[PDB]
């Protein structure tokens, strides 16, 4: 049911890409007749910058424009995030959130912490 699954920690290296495995879950009795909106946030508690937005890619922060991709299959509960050409600044917490229909939305409050090594 209601939940998101992703590693507490992830390490990567500059220049290289990185994949944060992710899978979400929700009650089967909830109607999803309009698709699901995937949204990846960076530093939710602070700046709260939008890394990914299946709904409207116009909402993506520039900091991340072009260097993030959602390699998931929404119809499979998969929300894998791929960050291209890692950088030291890209370190921080990434939180996933999906929306099925207003009253039906879910944010993962734990998130994944990315540490970009040397």
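Note that the rigid core is defined as the largest set of C-alphas that superpose within 1.5 Å between two forms. Residue numbers count along the first chain shown, from 1.
> Given a rigid core fit, name the stretch, 30-38 or 59-67, whose C-alphas are on average farther from the form shown here in 4 other deposited structures of this protein.
Larger mean C-alpha displacement, comparing 30-38 and 59-67 in 4 other deposited structures of this protein, is found in 30-38.
> Mean C-alpha B factor from the entry: is it higher for 75-83 or for 35-43?
The recorded data point to 75-83.
> Give the stretch, out of 90-98 and 6-14, with the larger mean C-alpha temperature factor in the deposited entry.
So the stretch with the higher mean C-alpha B-factor is 6-14.
> Consider only the C-alpha atoms of the modelled residues in this chain, order them by B-factor as the entry records it, and name the third containing residue 112: lowest, middle or highest.
Ranked within chain, residue 112 CA B lands in the lowest tercile.
> In terms of the chain's CA B-factor thirds, is residue 67 lowest, middle or highest?
Tercile = middle for this residue's CA B-factor.
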